């Protein structure tokens, strides 16, 4: 019923295969690099603006496929910072498309509240036209408290800009006294990305023949099933999506083993780093020579606890700063 998710059920064959794969592990979060719109427009002999508009139609149809498959969170690469280097005519065309597609979202409100659709827009959003920022902000504010499904539009986004911003936020926390520099950790950087509300994608899909990530979710897709498919994005089918899920299911056991051992090893190296730090403060100022009193055990438990409360207080400030939005008004 809405303009951002098409209304339609799976056909018999799609439903049947879906039922079969749903007997195994299913992805929770799928990320799309929607690529090939312009080649598709040239192929059909239509204007490049119609290639991109067909691209939005395929998005809405694909979110319906995910929702029918029980995949409730989707991240899409809608506009790169690098895309600002296209012609004004083409850049204008994409901003105009976003102006039209957003706001249509707003007209279709309550229908979003009915389906529980939370819409997040992630990127260095200050480079967008001011009107587009206010309209993005209104859509994000309205769907803030919805949780039946999640769509993350990466607009004016690159991964390096996202990662550089996450460091800057951690540096801001140090500058304001919320954190010590020793509090920085891989898990802390996770919580300072724009994607911090969602788990890392199970699958990265990139369409058209390109076998590169193009500055998209580099941090987040380090252990994700990577699927490169030749199809141009406006011609994406249910079966392209199905094939990608089959790829995920084939990799799942080894990819989870690797994911588990990475986390097992990262925590083990953090224990060694803190164990040596507890000894450094213990080797200094007298000698430990302990022992039954379990002094090192208490200093280590107190070390992580005081570290936990600092980062927890730091994040409440970071969300508060991110929630402060004159733009929704």
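We call the rigid core the largest set of C-alpha positions that still match within 1.5 Å between the two forms. Numbering follows the first chain given and starts at 1.
- Here the rigid core sets the fit, and in 7 other deposited structures of this protein the C-alphas of 317-325 stray farther than those of the other stretch, out of 16-24 and 317-325.
- Between stretches 290-298 and 34-42, greater average Cα displacement in 7 other deposited structures of this protein relative to the shown form, fitted by the core, falls on 290-298.
- As listed in the deposited structure, the average C-alpha B-factor of 293-301 and of 27-35 is greater for 293-301.
- Relative to its counterpart among 225-233 and 94-102, 94-102 has the higher mean temperature factor, C-alpha atoms as listed in the PDB entry.
- Going by the entry's values, 171 shows the largest Cα B-factor out of 171, 204, 154, 72.
- In this entry, the residue among 44, 63, 263, 276 with the greatest C-alpha B factor is 276.
- When the modelled residues of the chain are ordered by C-alpha B-factor, residue 141 sits in the middle third.
- The deposited CA B-factor of residue 54 belongs to the lowest third of values across its chain.
- Ranked by C-alpha B-factor against the other modelled residues of its chain, residue 115 falls in the highest third.
- Placement of the Cα temperature factor of residue 130 within the chain: highest third of the modelled residues, per the deposited record.
- Annotation for residue 243: CA B-factor lies in the lowest third of the chain's modelled residues.
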